[PDB]
Amino acid sequence: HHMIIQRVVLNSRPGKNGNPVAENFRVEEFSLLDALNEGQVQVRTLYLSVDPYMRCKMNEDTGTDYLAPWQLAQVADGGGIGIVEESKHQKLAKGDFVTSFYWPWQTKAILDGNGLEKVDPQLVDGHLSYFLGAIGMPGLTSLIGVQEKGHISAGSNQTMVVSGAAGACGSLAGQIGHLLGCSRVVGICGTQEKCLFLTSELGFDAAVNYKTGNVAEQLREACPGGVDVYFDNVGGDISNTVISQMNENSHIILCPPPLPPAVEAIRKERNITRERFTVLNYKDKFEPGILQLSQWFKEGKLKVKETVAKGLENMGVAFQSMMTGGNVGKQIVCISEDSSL
């Protein structure tokens, strides 16, 4: 038994300074052998994520030993969730839901069970795509970063600033920062529509549009008491403006390249820490973390924004849309709504 599947392959590269378009991806049939080795499972793909880090995988050299480049005419891959259809792995049964970071962009797959994590849909009230975002790594990154590195003190009247506030994890800080005890949460953003979405929908107390040129003064209006915590998801000039407004005994969390000397001098004089946050060093916090996120969500205390495209044929269109940076939150493609067995 071979089964015919559809796969999305890298058709062409945009060039390092180029803009990805849907035509950089191609759907192609593939004949997949139905056989399972010891430990393998056959999965049906339900949801796939598209994320900004993937941009560099379309380049021949990703400038990073953390990311392997995608290869021409080969299936792409990333965050995914599916259902087990057949298993030769003791930890997985037909009907289990599983995730991977390296889920291939195809309709069905044969995968090593040891690279899959079983997930429990009751945690997300059956909204399975939330396991790729707010009840997955992005939510966990946001929660563990603040919880473990923010030094938040309930009743201390702290202001936290979050750069890259319209991204999948940055967009959850308005809610998570408040739930975790922060009194004020200010987002930094690239458009007016995004600023108003953060603030009307995602519980940010204020938002700064960094493309409209009076950024320092905007930030000052948003942060009348200065900045106590900075979650830096960008770096560069935005971070230099932000650091200039930081209070004594402040904390910068990078989610470290040297600062300009005048900025470094402010950092030192004001006793500001600046530390890399690496979420994979907090694996023992993951399970309690997902339970917390799930609880908030079920309570209605954590609202999530996702954009969901439909169909494996629309991966390229969704990737392109994701690249225009218009949407707020997690970009998802629904490959199947079929969890039958």
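Residues numbered from 1 in each chain as written, not as in the entry; some residues may be left out. Heavy atoms only, no water. Residues with missing side-chain atoms left out of burial classes, pairs and counts.

Identification of the protein as putative NADPH-dependent oxidoreductase from Mus musculus is taken from the PDB entry. The title line of the PDB record says "Crystal structure of putative NADPH-dependent oxidoreductase from Mus musculus at 2.10 A resolution". Note on the protein: under the UniProt heading Function, the record states "Functions as 15-oxo-prostaglandin 13-reductase and acts on 15-keto-PGE1, 15-keto-PGE2, 15-keto-PGE1-alpha and 15-keto-PGE2-alpha with highest activity towards 15-keto-PGE2. Overexpression represses transcriptional activity of PPARG and inhibits adipocyte differentiation." (UniProt positions renumbered as here; feature names shortened; annotations may be inferred.)

Residues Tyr 47, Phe 131, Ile 135, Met 160, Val 162, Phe 204 and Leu 293 are the most contacted members of the largest nonpolar core, which totals 47 residues. The residues contacting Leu 293, other than those within four sequence positions of it, are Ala 134, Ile 135, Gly 139, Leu 140, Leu 143, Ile 176 and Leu 302. Listed in part, the 27 residues of the second largest apolar core include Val 41, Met 58, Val 84 and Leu 92. (Core = buried A, V, L, I, M, F, W, Y, C linked by side-chain atoms within 4.5 Å. Buried < 20%, exposed > 50% of the residue type's maximum accessible area, 1.4 Å probe, protein only. Contact = heavy atoms within 4.5 Å.)

Before going further, it helps to examine the sheet that holds strand 13 (residues 273-276). In space, the 6 strands of this open sheet follow the order 10-9-8-11-12-13, with parallel pairing throughout. If you trace the sheet from one side to the other, it starts and ends with strand 10 (206-209) and strand 13, each paired once. Each neighbouring strand pair of the sheet contributes to a mean axis angle of 20°, computed without reference to strand direction. The sheet contact formed by strand 8 (residues 159-162) and strand 9 (residues 184-189) spans 4 bridges and is parallel. Looking at strand 9, one finds that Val 162 is bridged to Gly 187. (Pairing = 2+ DSSP bridges. Helix = DSSP H or I, 4+ residues; strand = E, 2+ residues; numbered from the N terminus. Axes fitted to C-alpha atoms, helices over the stretch in contact; angles between N-to-C directions.)

Running from N to C, helix 1 (residues 137-149) and helix 7 (residues 286-299) cross one another at 100°; their axes reach a closest spacing of 10 Å. Regarding the angle of helix 1 to helix 7, the classification is roughly perpendicular. Between helix 1, through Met 137, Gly 139, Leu 140, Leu 143 and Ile 144, and helix 7, the contact on the second element is made entirely by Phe 286, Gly 289, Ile 290, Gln 292, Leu 293 and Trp 296. Counted by class, the contact of helix 1 with helix 7 contains 8 nonpolar, 3 polar and no charged residues. (Parallel < 35°, antiparallel > 145°, perpendicular 65-115°, else oblique. Nonpolar A, V, L, I, M, F, W, Y, C, P; charged D, E, K, R; others polar.)

This next bit is on the domain arrangement of the protein. Each domain of the protein was delimited in the assignment, giving domain 1 (1-134 + 305-341) and domain 2 (135-303). Centre-to-centre, using C-alpha coordinates, domain 1 lies 29 Å away from domain 2. The interface of domain 1 with domain 2 comprises 17 residues on the first partner and 21 residues on the second. Together domain 1 and domain 2 conceal approximately 1,400 Å² of surface at their shared face, both sides included; 65% is due to carbon and sulfur atoms. Its largest share of buried area at the contact with domain 2, domain 1 owes to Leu 123, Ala 134 and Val 328, together 40% of the area lost on that side. Connecting domain 1 to domain 2 are 1 salt bridge. For the salt bridge of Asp 125 with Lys 298, the shortest nitrogen-to-oxygen distance reads 2.8 Å. Where domain 1 meets domain 2, there are 9 residue pairs in polar contact. Grouping the constituent residues of the side of domain 1 that touches domain 2 by class yields 8 nonpolar, 6 polar and 3 charged. (Domains from an automatic or database assignment. Buried area = accessible area lost by both parts, 1.4 Å probe. Salt bridge = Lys/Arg side-chain N within 4 Å of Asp/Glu carboxyl O. Polar contact = N/O pair within 3.5 Å; in protein donor to acceptor, adjacent residues only side chain to side chain.)

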